[PDB]
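Student: Pasting a structure below so you can have a look.
Read-outs: derived from the displayed coordinates by stated rules, not from any lab. Here the Cβ is made from the backbone with ideal geometry for all residues, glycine too, and neighbour counts use every protein chain on show.
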Number of protein chains: 2
Amino acid sequence: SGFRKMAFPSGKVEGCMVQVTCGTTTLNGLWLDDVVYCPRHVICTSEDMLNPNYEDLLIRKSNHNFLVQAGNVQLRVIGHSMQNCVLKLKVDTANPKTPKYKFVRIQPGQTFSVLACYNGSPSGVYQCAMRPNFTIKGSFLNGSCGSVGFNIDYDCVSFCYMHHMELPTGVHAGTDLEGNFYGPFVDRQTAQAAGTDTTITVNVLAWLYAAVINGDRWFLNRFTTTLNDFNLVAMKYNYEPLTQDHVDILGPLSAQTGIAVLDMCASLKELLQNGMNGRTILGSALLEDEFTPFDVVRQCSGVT
Amino acid sequence: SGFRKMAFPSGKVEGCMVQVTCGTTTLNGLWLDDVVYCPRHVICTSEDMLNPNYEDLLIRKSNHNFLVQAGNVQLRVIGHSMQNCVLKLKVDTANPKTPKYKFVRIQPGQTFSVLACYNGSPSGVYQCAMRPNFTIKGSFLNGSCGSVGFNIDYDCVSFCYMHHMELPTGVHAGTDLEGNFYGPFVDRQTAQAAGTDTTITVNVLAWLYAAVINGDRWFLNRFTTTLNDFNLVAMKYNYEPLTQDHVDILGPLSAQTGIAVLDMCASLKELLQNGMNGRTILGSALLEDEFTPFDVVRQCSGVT
Ligand SMILES: O=C(Nc1cncc2ccccc12)[C@@H]1CCOc2ccc(Cl)cc21
Ligand SMILES: O=C(Nc1cncc2ccccc12)[C@@H]1CCOc2ccc(Cl)cc21
């Protein structure tokens, strides 16, 4: 028992981290097979980050201008290309530590582990969620660009995020491994509206099921609700509307606890309307939305 | 910016994880050099876990009875010995992936990352603290025994914890890498008093400094306090008494923010006396005590 904000083991990803330097800028790259993937703003100076013309900037760069270091050894760059907001630097050596991998675009409300890196060196790992407004609430400093988000299914690493930018609001924005930004964000140092975020309802419900499984049951009540009634409450409290698809993915947790999904919704409804009244759930004094039903199942079952 | 419950990258530790089987019991082991370290209750059946005589049980076991599997390959056991509550199984092959390491006994209130493992396979990593009562609030299921806690200083891994037992209260108990239990816990299936836990005051203060650094400053007030006055409040709220040593380790954070340690204490005092009033600090609706001043410095500076 016990419930933690657990990340996937980061080893498979540490083996792919490299340092990419171009001019005066240094950031992290992801070496998979004979390709190193990094944010394309590695080619910019601070001056041209106000409105960079990336295609023009890249034209002033040759293969020898991208300095790729894997630990202490230099990789020989034999090709470069820009795909959306990422650069793909073809090297002459395949990464001997390339794990089985996929490049996947995650859905908002899904979770992933981030391996925060500086100068191609890993500093830590943490679990986070793609917010409904496509930002992530990460922990990133200058130099962390190129750090990646991922999920792991047994031996396969699904890369889903690459860090690029910190918004003036302190929240983070990035791309999938094809360089497409999640959200409306552009790689320019300009004010950008993140947009109204919402609470991931299905995740709060999944975490309520994890609380019941791990002992915390004070919030369970004698009530039930309907999807319509629940959604009126979710509307008022800026929670994502609950659909039959969400109820279906909560099936395994509903079957594990014997608490019908609509009964758990009525518990969430009372919690939203009355608050915690100074109590806690799984050591938290607020409703946690960064655990999917899949995460709750995985953590409470022990999948490796 | 942003502040997360970050764990150290787990790669160096994944490379040491093995499966240890003895009789019907299977748990995790830690392979460092030519030695595999695991909890000694690997030799017990459920029956004798009520009051095991480990010395007698171990006598019925030969080197061939300890089945050690590193991934898919079997390790040849050439020696076995019990040291307090751990078994040291000498193998004929040094772990090619043994990182630079140390075995350290951590102090209560210090933090470490746990690599939760099942059948010698890693499932996830999370950060936690040794509570003042020597328990850890982890996330562990049956089979997780042998999972280890650690800290990493650049290339050196300081192993500090090995998981052994879950108390009926849902909290976890374990040993250092010399098999000595943290706390009064014994490896027997019997009721064991964890004891009154307290809030790690120096850590809450360090996390308040991290909140100021990362933008959250609503809790800062026009007041100051003395160590004596603060400790009267800390007493009432079951917080560890603050000493000059704690104030000294908070020096770097005090210098970073320009907020004197006793001024930050007065902010904590007001928070303890008035509560959060429905507000949050670094996304939390409660006072967080699982980040040391060193953790706050490391995360806010970017140490790899
Ligand atoms: O945000 C950026 N990097 C960082 C990322 N995460 C945390 C940071 C903390 C402190 C300083 C920088 C941080 C860079 C530099 C600023 O201007 C831009 C503009 C656009 C893009 Cl795509 C990237 C960047
Ligand atoms: O606690 C133990 N193992 C586990 C550890 N962490 C989480 C668990 C969750 C579910 C079941 C077992 C769990 C074992 C089995 C119970 O009896 C004892 C008694 C003493 C000792 Cl040292 C170990 C053990």
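Student: Just tell me which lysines come within less than 19 Å, Cα to Cα, of A:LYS97; anything on the same chain fewer than 8 places away is out.
Tutor: Filter leaves A:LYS12, A:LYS88, B:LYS12, B:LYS97.
Student: Right, something else. With viscosity set to 1.306 mPa s and temperature to 10 °C, compute the Stokes-Einstein D of the stretch A:227-304, Rh being the Kirkwood radius across alpha carbon pairs; µm²/s, no decimals.
Tutor: 116
Student: Pick out, from B:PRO108, A:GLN107, B:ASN63, the residue whose Cα sits farthest towards the positive end of the charge dipole of the protein assembly as shown, with +1 on the Cβ of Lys and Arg and -1 on the Cβ of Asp and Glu.
Tutor: B:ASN63
Student: If you line up the Cα atoms of the stretch A:69-214 on their principal axes, what length do they span on each, largest first, in Å?
Tutor: The Cα atoms of the stretch A:69-214 stretch 52, 40, 24 Å along their principal axes.
Student: Another question, if that's okay. Considering only the label points, 7 Å along Cα→Cβ from Cα, what distances in nm to one decimal separate B:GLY251 from the same position in each other copy, shortest first?
Tutor: 6.1
Student: What number, in percent, do you get for the relative contact order of the stretch A:58-126 if the mean sequence gap of Cα pairs under 8 Å and at least 6 apart is divided by its residue count?
Tutor: Taking the mean separation of contacting Cα pairs over the length of the stretch A:58-126, I get 19 percent.
Student: Where the only charges are on Cβ atoms (+1 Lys, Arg; -1 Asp, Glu), what is the dipole of chain B about its Cα centre, to the nearest 20 debye?
Tutor: In debye, rounded to 20, chain B gives about 400.
Student: Also, I was wondering about something else. Do the alpha carbons of any pairs in A:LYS102/B:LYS100; A:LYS102/A:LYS137; A:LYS90/B:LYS5; A:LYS236/B:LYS236 sit beyond 28 Å of each other, and which pairs? Provide the component values of the computation, followed by the final result.
Tutor: Working: A:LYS102/B:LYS100 32 Å; A:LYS102/A:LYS137 24 Å; A:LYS90/B:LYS5 35 Å; A:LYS236/B:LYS236 38 Å.
Pairs exceeding 28 Å: A:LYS102/B:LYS100; A:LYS90/B:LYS5; A:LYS236/B:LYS236.
Student: Once Rh is set to the Kirkwood radius over Cα pairs, what Stokes-Einstein translational diffusion coefficient, in µm²/s, holds for the protein assembly as shown at a temperature of 25 °C and a viscosity of 0.890 mPa s?
Tutor: Rounded, D is 95 µm²/s.
Student: Whole-Å semi-axes of the stretch A:29-133's equivalent ellipsoid, largest first, each the root of 5 times a Cα gyration tensor eigenvalue?
Tutor: Result for the stretch A:29-133: semi-axes of 24, 20, 14 Å.
Student: Name the residue farthest towards the positive end of the dipole of chain A from the options A:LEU272, A:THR196, A:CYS160, assuming +1 on Cβ of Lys and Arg, -1 on Cβ of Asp and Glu, about the Cα centre.
Tutor: A:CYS160
Student: Now for a different question. Relative to the longest principal Cα axis of chain A, at what angle does helix A:227-236 sit, 0 to 90 degrees, rounded to 10?
Tutor: 60
Student: A follow-up question, please. Could you give me the radius of gyration and the Dmax of the stretch B:1-83, taking only the C-alpha atoms into account and expressing both in angstrom?
Tutor: Here Rg and the maximum Cα pair distance are 15.8, 57 Å.
Student: Please report Rg (one decimal) and Dmax (integer) in Å for the Cα set of chain B.
Tutor: 21.5, 69
Student: Also, quick follow-up: Which distances, in nm and shortest first, link the A:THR196 label point to the same label point in every other copy, taking 7 Å along Cα→Cβ?
Tutor: 4.9
Student: Need the C-alpha centroid separation for the stretch A:160-217 versus the stretch A:252-304, integer Å.
Tutor: 20
Student: A follow-up question, please. Working from Cα positions, state the angle (0 to 90°, nearest 10) between the long axis of helix A:201-213 and the longest principal axis of chain A.
Tutor: 60
Student: With loop defined by DSSP as not H, G, I, E or B, and exposure as at most 16 other Cβ atoms within 10 Å, which is the longest segment of chain B clear of exposed trypsin sites (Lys or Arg not before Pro)?
Tutor: By the stated rule (loop sites, at most 16 other Cβ atoms within 10 Å), B:106-187.
Student: Please report, in debye to the nearest 20, how large the charge dipole of the stretch A:248-295 is about its Cα centre when each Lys and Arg carries +1 at its beta carbon and each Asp and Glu carries -1 there.
Tutor: 220
Student: Nearest 5 percent is fine: what portion of the DSSP beta bridges confined to the protein assembly as shown is antiparallel?
Tutor: The antiparallel proportion sits near 90 percent.
Student: Hand me the chymotrypsin sites (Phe, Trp or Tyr not before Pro) from the stretch A:99-191 located in a DSSP loop with no more than 16 other Cβ atoms within 10 Å, in residue order please. Each step should come with its number before you reach the end.
Tutor: Numbers: sites: A:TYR101, A:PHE103, A:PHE112, A:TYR118, A:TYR126, A:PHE134, A:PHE140, A:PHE150, A:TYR154, A:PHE159, A:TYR161, A:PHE181, A:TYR182, A:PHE185; in loops: A:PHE134, A:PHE140, A:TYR154, A:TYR182, A:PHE185.
Counting only loop positions with at most 16 other Cβ atoms within 10 Å, the chymotrypsin sites (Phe, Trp or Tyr not before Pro) in the stretch A:99-191 are A:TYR154.
Student: To make sure I understand, if each residue's beta carbon is the centre and we count other beta carbons within 10 Å, what order do B:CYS22, A:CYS38 fall in, fewest to most?
Tutor: Lowest count first: B:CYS22, A:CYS38.
Student: Please compute the contact order of the stretch A:187-290 in relative form: average sequence separation of alpha-carbon pairs under 8 Å and at least six residues apart, divided by the residue count, as a percent.
Tutor: On the way: 96 pairs, mean separation 43.7, N = 104.
This gives 42 percent for the stretch A:187-290.
Student: With unit charges on the beta carbon (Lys/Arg positive, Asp/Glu negative), name the residue among B:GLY11, A:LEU50, B:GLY179 whose Cα is farthest towards the positive pole of the charge dipole of the protein assembly as shown.
Tutor: Of B:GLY11, A:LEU50, B:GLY179, it is B:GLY11.
Student: Let me ask you something else. Charges only on Cβ, +1 for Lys and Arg, -1 for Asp and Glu: so what's the dipole of the stretch A:1-111 about the Cα centre, in debye to the nearest 20? Walk me through the numbers on the way to the answer.
Tutor: Working: 13 positive and 8 negative charges, 111 e Å.
Value, rounded to 20: 540 debye.
Student: Next question, about the same structure. From the label point of A:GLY278, set 7 Å along Cα to the beta carbon, how far off in nm is each other copy's matching point, shortest first?
Tutor: 1.7
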